[PDB]
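Asker: Dumping the structure here so I can ask a few things about it.
In our numbering, the protein residues as written are 8 to 215.
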């Protein structure tokens, strides 16, 4: 009968719907690519090459930049989240790092599916450290930030590796606090918090 005509809060009770886009392209092993025509960082990075045709379609869908891409493998049934650099293949070519191919469980010439997904940026991410040497760095936090920049999308199930000074480090997202059931975390700038927790009970003797 009577209405207060007043609204209080209600924002918390609102759930944001992620953005999902699907694309199909053929992937090729970047490893076979000549070093001269390829970048070393790209080989160990999480950036992939896609056609401009897909990007144009995304704009129509009003996808905010940066754009996130997700890889789907029918053969393994597992889907990893890959990052995107720039579109240079007019015909429609997809390139991925050698390590990524192993995770996807697909061999050269295999089809690769890329879907655009947008996440509200997780709040907490748990990363698995490797070797005490990694934690021996004066500014380990800085290294982490660099890794996030390299990878547009981060998945708990996906294992990301960073190569520094010719060295490769394995970082595994054991557990993260997400805002969606997708169980995917992607931090563009720095809205994601990372913590290092030593899961290895082995100790290496000091050499002197």
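Positions of the beta carbon are idealized from the N, C-alpha and C atoms, including for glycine.
What are the start and end residues of each continuous beta strand (DSSP E) run of 3 or more residues lying completely inside the stretch 79 to 167, in chain order?
Answerer: Runs found: 86 to 94, 100 to 103, 118 to 125, 131 to 135.
Asker: Let's see if you can read the secondary structure: which residues bound the beta strand (DSSP E) around residue 46?
Answerer: Run containing residue 46: none; DSSP gives neither H nor E here.
Asker: From this set, 146, 69, 34, which residue's C-alpha is nearest residue 25's C-alpha?
Answerer: It is 69.
Asker: Between residue 90 and residue 194, is the Cβ-Cβ spacing less than 8 Å?
Answerer: For residue 90 and residue 194, no; Cβs fall outside 8 Å.
Asker: Thinking C-beta only, is residue 200 closer than 8 Å to residue 179?
Answerer: No. Outside cutoff.
Asker: Starting from residue 70, follow its DSSP beta bridges and name the residues at the other end.
Answerer: Beta-bridge pairing links residue 70 to no other residue.
Asker: What is the DSSP secondary structure of residue 51, counted as helix, strand or coil?
Answerer: Residue 51 falls in the helix class under three-state DSSP.
Asker: Output the distance between the C-alpha atoms of residue 118 and residue 214, rounded to the nearest integer angstrom.
Answerer: Their backbone Cα atoms lie some 48 Å apart in a straight line.
Asker: Classify residue 65 as helix, strand or coil using the three-state DSSP reduction.
Answerer: Residue 65 falls in the helix class under three-state DSSP.
Asker: Classify residue 184: buried if its beta carbon has 16 or more other beta carbons within 10 angstroms, exposed otherwise.
Answerer: Exposed, because fewer than 16 other Cβ atoms sit within 10 Å of the Cβ of residue 184.
Asker: What does the alpha-carbon distance come out to for the pair residue 104 and residue 55?
Answerer: Distance between the alpha carbons of residue 104 and residue 55: 8 Å.
Asker: Just to confirm, is the Cβ distance from residue 192 to residue 161 under 8 Å?
Answerer: Yes.
Asker: Give me whichever residues DSSP pairs with residue 200 in a beta bridge.
Answerer: For residue 200, which the question treats as bridged, DSSP gives the partners 131.
Asker: Which value, in whole angstroms, describes the spacing of the CA atoms of residue 127 and residue 23?
Answerer: One C-alpha to the other measures close to 8 Å.
Asker: Verify whether the separation of the beta carbon atoms of residue 123 and residue 32 is less than 8 Å.
Answerer: Taking 8 Å as the Cβ cut-off, residue 123 and residue 32 do not qualify as a contacting pair.
Asker: Mind checking residue 143: buried by the 16 CB within 10 Å criterion, or exposed?
Answerer: Residue 143 is exposed by the Cβ-count criterion.
Asker: Could you spell out the range, first to last residue, of the beta strand (DSSP E) harbouring residue 30?
Answerer: Counting along the chain, the beta strand (DSSP E) containing residue 30 begins and ends at 26 to 36.
Asker: Among the candidates 209, 78, 203, 82, whose CA atom is the shortest distance from the CA of residue 135?
Answerer: Here the closest residue by C-alpha is 203.
Asker: If we count Cβ pairs, one from each stretch, closer than 8 Å, do we get three or more for the stretch 44 to 54 versus the stretch 67 to 84?
Answerer: No, the stretch 44 to 54 is not in contact with the stretch 67 to 84.
Asker: If we count the other Cβ atoms within 10 Å of its Cβ and call it buried at 16 or more, is residue 101 buried or exposed?
Answerer: Label assigned to residue 101: buried.
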